[PDB]
Amino acid sequence: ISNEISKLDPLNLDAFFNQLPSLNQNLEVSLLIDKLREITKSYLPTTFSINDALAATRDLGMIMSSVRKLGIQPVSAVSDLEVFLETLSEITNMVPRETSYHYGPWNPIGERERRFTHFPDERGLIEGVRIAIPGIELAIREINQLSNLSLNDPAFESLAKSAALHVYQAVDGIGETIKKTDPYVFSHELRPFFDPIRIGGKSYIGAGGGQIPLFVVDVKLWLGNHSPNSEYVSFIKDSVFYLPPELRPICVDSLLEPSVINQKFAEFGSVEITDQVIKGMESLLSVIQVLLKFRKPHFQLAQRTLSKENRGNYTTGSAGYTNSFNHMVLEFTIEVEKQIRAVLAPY
Ligand code: HEM
Ligand SMILES: NCCc1c[nH]c2ccccc12
């Protein structure tokens, strides 16, 4: 899917994107606005295939975010953008704005890579979500298959092992950020390109790491329908319709059903506890421990860049939360590791 979108240049902006970091560095807003005006007049978006509309949203969204970076609402300044983005989102059935999908897996590798700035630290955000997202999508489909297998079936253990290995891509992705993105450069140079944009009477947050579908893993795997009034369920609720449409039913079904681990805690204290059953209960613990290998260093990274020393003009991520939200998801995940460890303790 992604290589078919990353290869596209539907708005002929390849040469423009090799100038964009210098345009942004010199605050050349007139060339940004002019490029947005040329686009609405040069192109009939109703004629676009789905793949073209996804890549077009990627490219147009990034010029929009460069204008919003300066403090200007780009659709209030180029009012013809509105029906253009309207038309694009009817084709994508997605928000009229770029997300981490467009910035990561749909963003081409190499010389055509779309970047806001010349800073090498920006490569650490892009590669982070470009690595994490396909792996999480694989784990989503594998974890979804566990509701329908028995703890005693070896196919359960091997599928949950496949999921843990795929979730590791999120660890590989955040480790690329930690080693490439300076916290101070992030807050001062990159973070401003991810601010909300008003489009047809609604505000759309900018691309954000939290838009990788890790929360979909969580809802199916451990959260389920067990904490209705949580702030995490509020963030997931706000996130559903940012996901690719392909992922929305899994998320909605899982928010309305018991989680895998809740329903596997029942099976465990109800069936004959064999050796493969314990392997099955331990394959769930392994997956949870991989999310911790992502969430613990992620928390340290966000703490360092949101410190009084490094934070710049922001106290929040692009989704509007402080690191307390990250602490809250991390404590949830630790509580679940502790829960599985107790169920396994006699064995
Ligand atoms: C310097 C870089 C980064 C900083 C300062 C940062 C900070 C934050 C903040 C403040 C939040 C709270 C939600 C919000 O308000 O947007 C958040 C959420 C989140 N971000 Fe990051 N982030 C960074 C890079 C990344 C990267 C590269 C990824 C993916 C590879 C990522 C994945 C996530 C996830 C999954 C969440 C949801 C919470 C969770 O599931 O644990 N972040 N991040
Ligand atoms: N995880 C949210 C931090 C963030 C803000 N802008 C980004 C761009 C790419 C990756 C992460 C971010």
# chains A, B, ... in the order shown; residues from 1 in each chain; ligands from 1
>>> closest_atom_pairs(of="chain A", to="ligand 1", cutoff="7 Å", atoms="only C-alpha atoms and all ligand atoms", output="Markdown table")
| residue | atom | partner | partner_atom_place_in_ligand_line | distance |
| --- | --- | --- | --- | --- |
| A:124 | CA | ligand 1 | 27 (C) | 6.8 |
| A:125 | CA | ligand 1 | 27 (C) | 4.5 |
| A:128 | CA | ligand 1 | 30 (C) | 4.0 |
| A:129 | CA | ligand 1 | 30 (C) | 4.3 |
| A:132 | CA | ligand 1 | 30 (C) | 5.5 |
| A:170 | CA | ligand 1 | 30 (C) | 5.9 |
| A:173 | CA | ligand 1 | 30 (C) | 4.8 |
| A:174 | CA | ligand 1 | 30 (C) | 4.6 |
| A:177 | CA | ligand 1 | 27 (C) | 5.4 |
| A:181 | CA | ligand 1 | 1 (C) | 6.1 |
| A:183 | CA | ligand 1 | 1 (C) | 5.5 |
| A:186 | CA | ligand 1 | 1 (C) | 5.5 |
| A:208 | CA | ligand 1 | 16 (O) | 5.7 |
| A:209 | CA | ligand 1 | 31 (C) | 3.6 |
| A:210 | CA | ligand 1 | 36 (C) | 3.4 |
| A:211 | CA | ligand 1 | 35 (C) | 6.9 |
| A:212 | CA | ligand 1 | 35 (C) | 5.9 |
| A:214 | CA | ligand 1 | 35 (C) | 5.6 |
| A:215 | CA | ligand 1 | 40 (O) | 5.7 |
| A:295 | CA | ligand 1 | 41 (O) | 5.2 |
| A:298 | CA | ligand 1 | 21 (Fe) | 6.4 |
| A:301 | CA | ligand 1 | 5 (C) | 6.1 |
| A:302 | CA | ligand 1 | 5 (C) | 4.0 |
| A:305 | CA | ligand 1 | 5 (C) | 5.4 |
| A:306 | CA | ligand 1 | 5 (C) | 6.7 |
| A:316 | CA | ligand 1 | 10 (C) | 5.1 |
| A:317 | CA | ligand 1 | 15 (O) | 3.5 |
| A:318 | CA | ligand 1 | 16 (O) | 4.2 |
| A:319 | CA | ligand 1 | 16 (O) | 3.5 |
| A:320 | CA | ligand 1 | 15 (O) | 4.1 |
| A:321 | CA | ligand 1 | 15 (O) | 3.4 |
| A:322 | CA | ligand 1 | 10 (C) | 5.0 |
| A:323 | CA | ligand 1 | 10 (C) | 5.1 |
| A:325 | CA | ligand 1 | 12 (C) | 5.9 |
| A:326 | CA | ligand 1 | 38 (C) | 5.2 |
| A:329 | CA | ligand 1 | 41 (O) | 5.4 |
| A:330 | CA | ligand 1 | 41 (O) | 6.2 |
>>> write_last_selection(atoms="C-alpha atoms", output="PDB file, in the first residue's frame")
ATOM      1  CA  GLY A 124      14.379  10.955  13.390  1.00  0.00           C
ATOM      2  CA  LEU A 125      10.662  11.697  13.515  1.00  0.00           C
ATOM      3  CA  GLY A 128      10.346   6.635  13.605  1.00  0.00           C
ATOM      4  CA  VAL A 129       6.757   6.491  12.345  1.00  0.00           C
ATOM      5  CA  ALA A 132       6.564   1.758  13.548  1.00  0.00           C
ATOM      6  CA  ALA A 170       7.732   0.496  17.296  1.00  0.00           C
ATOM      7  CA  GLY A 173      11.235   3.323  15.489  1.00  0.00           C
ATOM      8  CA  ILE A 174      11.410   5.237  18.747  1.00  0.00           C
ATOM      9  CA  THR A 177      14.155   9.084  17.038  1.00  0.00           C
ATOM     10  CA  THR A 181      16.416  14.000  17.229  1.00  0.00           C
ATOM     11  CA  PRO A 183      15.017  17.437  22.211  1.00  0.00           C
ATOM     12  CA  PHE A 186      12.654  19.326  18.206  1.00  0.00           C
ATOM     13  CA  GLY A 208       1.615  13.220  15.722  1.00  0.00           C
ATOM     14  CA  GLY A 209       3.370  10.085  16.881  1.00  0.00           C
ATOM     15  CA  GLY A 210       0.202   9.066  18.746  1.00  0.00           C
ATOM     16  CA  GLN A 211      -1.449   8.601  15.344  1.00  0.00           C
ATOM     17  CA  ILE A 212       0.461   5.362  14.825  1.00  0.00           C
ATOM     18  CA  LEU A 214      -0.654   1.564  18.794  1.00  0.00           C
ATOM     19  CA  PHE A 215      -3.847   2.594  20.614  1.00  0.00           C
ATOM     20  CA  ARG A 295       6.655   3.361  26.167  1.00  0.00           C
ATOM     21  CA  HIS A 298       9.293   7.307  24.756  1.00  0.00           C
ATOM     22  CA  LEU A 301      12.244  11.442  25.399  1.00  0.00           C
ATOM     23  CA  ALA A 302       9.060  13.498  25.847  1.00  0.00           C
ATOM     24  CA  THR A 305      12.033  17.892  25.337  1.00  0.00           C
ATOM     25  CA  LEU A 306       9.187  19.242  27.514  1.00  0.00           C
ATOM     26  CA  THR A 316       2.026  19.773  24.771  1.00  0.00           C
ATOM     27  CA  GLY A 317       2.368  17.420  21.840  1.00  0.00           C
ATOM     28  CA  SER A 318       0.526  18.013  18.591  1.00  0.00           C
ATOM     29  CA  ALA A 319      -2.502  16.249  20.103  1.00  0.00           C
ATOM     30  CA  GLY A 320      -2.649  18.759  22.988  1.00  0.00           C
ATOM     31  CA  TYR A 321      -1.536  16.607  25.951  1.00  0.00           C
ATOM     32  CA  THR A 322       1.378  16.846  28.361  1.00  0.00           C
ATOM     33  CA  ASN A 323       3.669  13.974  29.355  1.00  0.00           C
ATOM     34  CA  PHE A 325      -0.962  11.477  29.333  1.00  0.00           C
ATOM     35  CA  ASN A 326       2.086   9.396  28.411  1.00  0.00           C
ATOM     36  CA  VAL A 329      -0.833   5.073  29.258  1.00  0.00           C
ATOM     37  CA  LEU A 330       2.465   3.717  30.632  1.00  0.00           C
TER      38      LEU A 330
END
>>> select_by_dssp(residues="region 129-315 of chain A", states="strand (DSSP E or B)", output="list in words")
residues 197, 198, 199, 202, 203 and 204 of chain A
>>> write_last_selection(atoms="N, CA, C and O atoms", output="PDB file, in the first residue's frame")
ATOM      1  N   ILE A 197      -5.066  22.966  12.222  1.00  0.00           N
ATOM      2  CA  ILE A 197      -5.485  23.739  11.059  1.00  0.00           C
ATOM      3  C   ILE A 197      -7.010  23.706  10.953  1.00  0.00           C
ATOM      4  O   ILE A 197      -7.625  22.635  11.045  1.00  0.00           O
ATOM      5  N   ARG A 198      -7.620  24.877  10.771  1.00  0.00           N
ATOM      6  CA  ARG A 198      -9.073  24.985  10.677  1.00  0.00           C
ATOM      7  C   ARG A 198      -9.530  24.796   9.236  1.00  0.00           C
ATOM      8  O   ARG A 198      -9.097  25.523   8.335  1.00  0.00           O
ATOM      9  N   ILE A 199     -10.406  23.816   9.023  1.00  0.00           N
ATOM     10  CA  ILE A 199     -10.851  23.427   7.689  1.00  0.00           C
ATOM     11  C   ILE A 199     -12.349  23.174   7.789  1.00  0.00           C
ATOM     12  O   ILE A 199     -12.775  22.269   8.509  1.00  0.00           O
ATOM     13  N   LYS A 202     -13.988  23.155  11.391  1.00  0.00           N
ATOM     14  CA  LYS A 202     -13.431  22.224  12.360  1.00  0.00           C
ATOM     15  C   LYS A 202     -11.914  22.355  12.398  1.00  0.00           C
ATOM     16  O   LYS A 202     -11.271  22.666  11.394  1.00  0.00           O
ATOM     17  N   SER A 203     -11.350  22.098  13.566  1.00  0.00           N
ATOM     18  CA  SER A 203      -9.912  22.135  13.784  1.00  0.00           C
ATOM     19  C   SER A 203      -9.337  20.721  13.679  1.00  0.00           C
ATOM     20  O   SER A 203      -9.880  19.781  14.270  1.00  0.00           O
ATOM     21  N   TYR A 204      -8.253  20.562  12.913  1.00  0.00           N
ATOM     22  CA  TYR A 204      -7.599  19.260  12.742  1.00  0.00           C
ATOM     23  C   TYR A 204      -6.169  19.343  13.256  1.00  0.00           C
ATOM     24  O   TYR A 204      -5.365  20.126  12.740  1.00  0.00           O
TER      25      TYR A 204
END
>>> closest_residue(among="A:229, A:2, A:303, A:148", to="ligand 2", atoms="only C-alpha atoms and all ligand atoms")
A:303
>>> residues_around(residues="residue 112 (chain A)", least_positions_apart="2", cutoff="9 Å", atoms="only C-alpha atoms", output="PyMOL selection string")
chain A and resi 6-7+14-15+17-18+107-110+114
>>> residues_around(residues="residue 279 (chain A)", least_positions_apart="4", cutoff="12 Å", atoms="only C-alpha atoms", output="count of residues only")
22
>>> atom_distance(atom1="CA of residue 96 (chain A)", atom2="CA of residue 127 (chain A)")
23.1 Å
>>> closest_residue(among="A:292, A:219, A:165, A:243", to="residue 258 (chain A)", atoms="only C-alpha atoms")
A:219
>>> select_by_dssp(residues="region 53-276 of chain A", states="alpha helix (DSSP H)", output="number ranges by chain")
A: 53-69, 74-77, 81-92, 100-103, 121-144, 154-180, 183-185, 214-218, 231-239, 248-255, 260-268, 275-276
>>> closest_residue(among="A:218, A:59, A:98, A:9", to="ligand 2", atoms="only C-alpha atoms and all ligand atoms")
A:98
>>> closest_residue(among="A:117, A:262, A:100, A:79", to="ligand 2", atoms="only C-alpha atoms and all ligand atoms")
A:100
>>> residues_around(residues="region 334-343 of chain A", least_positions_apart="3", cutoff="8 Å", atoms="only C-alpha atoms", output="MDAnalysis selection string")
chainID A and resid 222 265 281 285 288:289 292 330:331 346
>>> write_last_selection(atoms="N, CA and C atoms", output="mmCIF file, in the first residue's frame")
data_model
loop_
_atom_site.group_PDB
_atom_site.id
_atom_site.type_symbol
_atom_site.label_atom_id
_atom_site.label_comp_id
_atom_site.auth_asym_id
_atom_site.auth_seq_id
_atom_site.Cartn_x
_atom_site.Cartn_y
_atom_site.Cartn_z
ATOM 1 N N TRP A 222 -5.856 -5.058 25.748
ATOM 2 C CA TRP A 222 -6.088 -4.963 27.190
ATOM 3 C C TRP A 222 -7.151 -3.959 27.630
ATOM 4 N N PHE A 265 -8.011 -14.180 30.686
ATOM 5 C CA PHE A 265 -7.972 -14.426 32.123
ATOM 6 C C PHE A 265 -9.115 -15.347 32.549
ATOM 7 N N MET A 281 -0.494 -17.960 27.791
ATOM 8 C CA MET A 281 -0.594 -16.823 28.698
ATOM 9 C C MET A 281 0.712 -16.037 28.748
ATOM 10 N N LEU A 285 1.961 -11.872 27.826
ATOM 11 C CA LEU A 285 2.888 -11.088 28.636
ATOM 12 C C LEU A 285 4.040 -10.548 27.794
ATOM 13 N N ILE A 288 2.858 -7.471 25.863
ATOM 14 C CA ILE A 288 2.773 -6.341 26.774
ATOM 15 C C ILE A 288 4.161 -5.796 27.086
ATOM 16 N N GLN A 289 5.144 -6.680 27.268
ATOM 17 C CA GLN A 289 6.495 -6.214 27.586
ATOM 18 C C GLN A 289 7.137 -5.480 26.413
ATOM 19 N N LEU A 292 6.039 -1.940 26.553
ATOM 20 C CA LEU A 292 6.815 -1.244 27.570
ATOM 21 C C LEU A 292 8.183 -0.848 27.036
ATOM 22 N N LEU A 330 1.394 4.601 30.173
ATOM 23 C CA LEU A 330 2.465 3.717 30.632
ATOM 24 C C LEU A 330 2.089 3.012 31.935
ATOM 25 N N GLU A 331 1.434 3.718 32.862
ATOM 26 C CA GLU A 331 1.001 3.066 34.096
ATOM 27 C C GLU A 331 -0.060 1.994 33.826
ATOM 28 N N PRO A 346 1.554 -18.875 40.371
ATOM 29 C CA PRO A 346 1.582 -20.258 40.877
ATOM 30 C C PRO A 346 2.220 -21.248 39.921
#
>>> atom_distance(atom1="CA of residue 42 (chain A)", atom2="CA of residue 88 (chain A)")
14.5 Å
>>> decode(residues="region 76-207 of chain A", atoms="C-alpha atoms", output="CSV table (one decimal), in the first residue's frame")
chain,number,residue,atom,x,y,z
A,76,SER,CA,-8.6,31.3,5.7
A,77,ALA,CA,-5.9,32.8,3.5
A,78,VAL,CA,-6.5,30.6,0.4
A,79,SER,CA,-10.3,30.2,0.6
A,80,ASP,CA,-10.4,28.0,-2.5
A,81,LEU,CA,-8.5,25.3,-0.5
A,82,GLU,CA,-11.7,24.4,1.3
A,83,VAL,CA,-13.6,22.8,-1.6
A,84,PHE,CA,-10.3,21.3,-2.8
A,85,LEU,CA,-9.7,19.6,0.5
A,86,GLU,CA,-13.4,18.8,0.8
A,87,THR,CA,-13.1,17.0,-2.6
A,88,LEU,CA,-9.9,15.1,-1.6
A,89,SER,CA,-11.4,13.8,1.7
A,90,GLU,CA,-14.5,12.5,-0.1
A,91,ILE,CA,-12.1,10.3,-2.1
A,92,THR,CA,-9.8,9.2,0.8
A,93,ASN,CA,-12.7,9.0,3.4
A,94,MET,CA,-9.9,10.5,5.6
A,95,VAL,CA,-9.4,13.9,7.3
A,96,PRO,CA,-8.5,16.8,4.9
A,97,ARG,CA,-5.0,17.0,6.4
A,98,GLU,CA,-1.8,15.0,6.6
A,99,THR,CA,-1.2,12.5,9.5
A,100,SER,CA,1.7,10.4,10.5
A,101,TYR,CA,0.7,7.9,7.8
A,102,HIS,CA,1.5,10.6,5.1
A,103,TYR,CA,4.6,11.8,7.0
A,104,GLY,CA,6.0,8.2,7.5
A,105,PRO,CA,5.1,5.1,5.5
A,106,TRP,CA,3.5,7.2,2.6
A,107,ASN,CA,6.5,9.6,2.5
A,108,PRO,CA,9.1,8.4,-0.1
A,109,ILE,CA,12.6,7.3,0.9
A,110,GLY,CA,15.6,9.1,-0.3
A,111,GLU,CA,15.8,12.3,-2.4
A,112,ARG,CA,12.0,12.6,-2.8
A,113,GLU,CA,11.4,12.6,1.0
A,114,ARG,CA,9.2,15.4,2.1
A,115,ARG,CA,10.7,17.4,5.0
A,116,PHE,CA,9.7,20.6,6.7
A,117,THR,CA,13.3,21.6,7.5
A,118,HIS,CA,17.0,21.0,6.7
A,119,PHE,CA,17.7,19.8,10.3
A,120,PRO,CA,18.8,16.1,10.4
A,121,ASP,CA,16.8,15.8,13.6
A,122,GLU,CA,13.7,15.7,11.4
A,123,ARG,CA,14.8,12.5,9.9
A,124,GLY,CA,14.4,11.0,13.4
A,125,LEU,CA,10.7,11.7,13.5
A,126,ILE,CA,10.0,10.6,9.9
A,127,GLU,CA,11.9,7.3,10.2
A,128,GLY,CA,10.3,6.6,13.6
A,129,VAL,CA,6.8,6.5,12.3
A,130,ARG,CA,7.8,5.1,9.0
A,131,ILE,CA,9.2,2.1,10.8
A,132,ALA,CA,6.6,1.8,13.5
A,133,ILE,CA,3.4,1.9,11.5
A,134,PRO,CA,3.6,-1.2,9.2
A,135,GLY,CA,4.8,-3.3,12.2
A,136,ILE,CA,1.9,-2.2,14.3
A,137,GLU,CA,-0.6,-2.9,11.5
A,138,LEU,CA,0.7,-6.4,11.3
A,139,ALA,CA,0.4,-6.9,15.0
A,140,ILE,CA,-3.2,-5.5,14.8
A,141,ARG,CA,-4.3,-8.3,12.5
A,142,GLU,CA,-2.5,-10.9,14.4
A,143,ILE,CA,-3.8,-9.8,17.8
A,144,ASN,CA,-7.3,-9.6,16.4
A,145,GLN,CA,-7.1,-13.3,15.6
A,146,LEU,CA,-6.4,-14.3,19.2
A,147,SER,CA,-10.0,-13.8,20.3
A,148,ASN,CA,-10.8,-16.9,18.2
A,149,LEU,CA,-8.0,-19.3,19.4
A,150,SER,CA,-7.6,-21.3,22.6
A,151,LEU,CA,-4.8,-20.8,25.1
A,152,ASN,CA,-4.0,-24.5,24.7
A,153,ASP,CA,-3.8,-24.2,20.9
A,154,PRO,CA,-0.2,-23.7,19.8
A,155,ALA,CA,-1.4,-21.4,17.1
A,156,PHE,CA,-2.3,-18.9,19.8
A,157,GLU,CA,1.3,-18.8,21.2
A,158,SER,CA,2.9,-18.5,17.7
A,159,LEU,CA,0.5,-15.7,16.6
A,160,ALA,CA,1.1,-13.7,19.8
A,161,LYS,CA,4.8,-14.2,19.3
A,162,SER,CA,4.4,-12.8,15.7
A,163,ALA,CA,2.6,-9.8,17.2
A,164,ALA,CA,5.3,-9.1,19.8
A,165,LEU,CA,7.9,-9.3,17.1
A,166,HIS,CA,5.9,-6.9,14.9
A,167,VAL,CA,5.3,-4.5,17.8
A,168,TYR,CA,9.1,-4.4,18.2
A,169,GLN,CA,9.2,-2.2,15.1
A,170,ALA,CA,7.7,0.5,17.3
A,171,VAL,CA,10.7,0.0,19.6
A,172,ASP,CA,13.1,0.2,16.6
A,173,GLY,CA,11.2,3.3,15.5
A,174,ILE,CA,11.4,5.2,18.7
A,175,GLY,CA,15.1,4.3,19.1
A,176,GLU,CA,15.8,5.9,15.7
A,177,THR,CA,14.2,9.1,17.0
A,178,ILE,CA,16.1,9.0,20.3
A,179,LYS,CA,19.4,8.7,18.5
A,180,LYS,CA,18.6,11.3,15.8
A,181,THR,CA,16.4,14.0,17.2
A,182,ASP,CA,17.8,16.5,19.7
A,183,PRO,CA,15.0,17.4,22.2
A,184,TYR,CA,15.9,21.2,22.0
A,185,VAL,CA,16.0,21.2,18.2
A,186,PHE,CA,12.7,19.3,18.2
A,187,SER,CA,10.8,21.8,20.4
A,188,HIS,CA,12.3,24.9,18.7
A,189,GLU,CA,12.6,23.9,15.1
A,190,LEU,CA,10.2,21.0,14.3
A,191,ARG,CA,7.3,21.0,16.7
A,192,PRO,CA,5.8,24.2,15.3
A,193,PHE,CA,5.1,22.4,12.0
A,194,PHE,CA,2.5,20.2,13.7
A,195,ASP,CA,-0.1,22.8,14.9
A,196,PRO,CA,-3.9,22.5,14.3
A,197,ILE,CA,-5.5,23.7,11.1
A,198,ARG,CA,-9.1,25.0,10.7
A,199,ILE,CA,-10.9,23.4,7.7
A,200,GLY,CA,-14.6,23.9,7.1
A,201,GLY,CA,-15.5,25.0,10.7
A,202,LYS,CA,-13.4,22.2,12.4
A,203,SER,CA,-9.9,22.1,13.8
A,204,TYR,CA,-7.6,19.3,12.7
A,205,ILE,CA,-4.5,18.5,14.8
A,206,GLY,CA,-1.2,18.0,13.0
A,207,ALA,CA,0.6,14.8,12.5
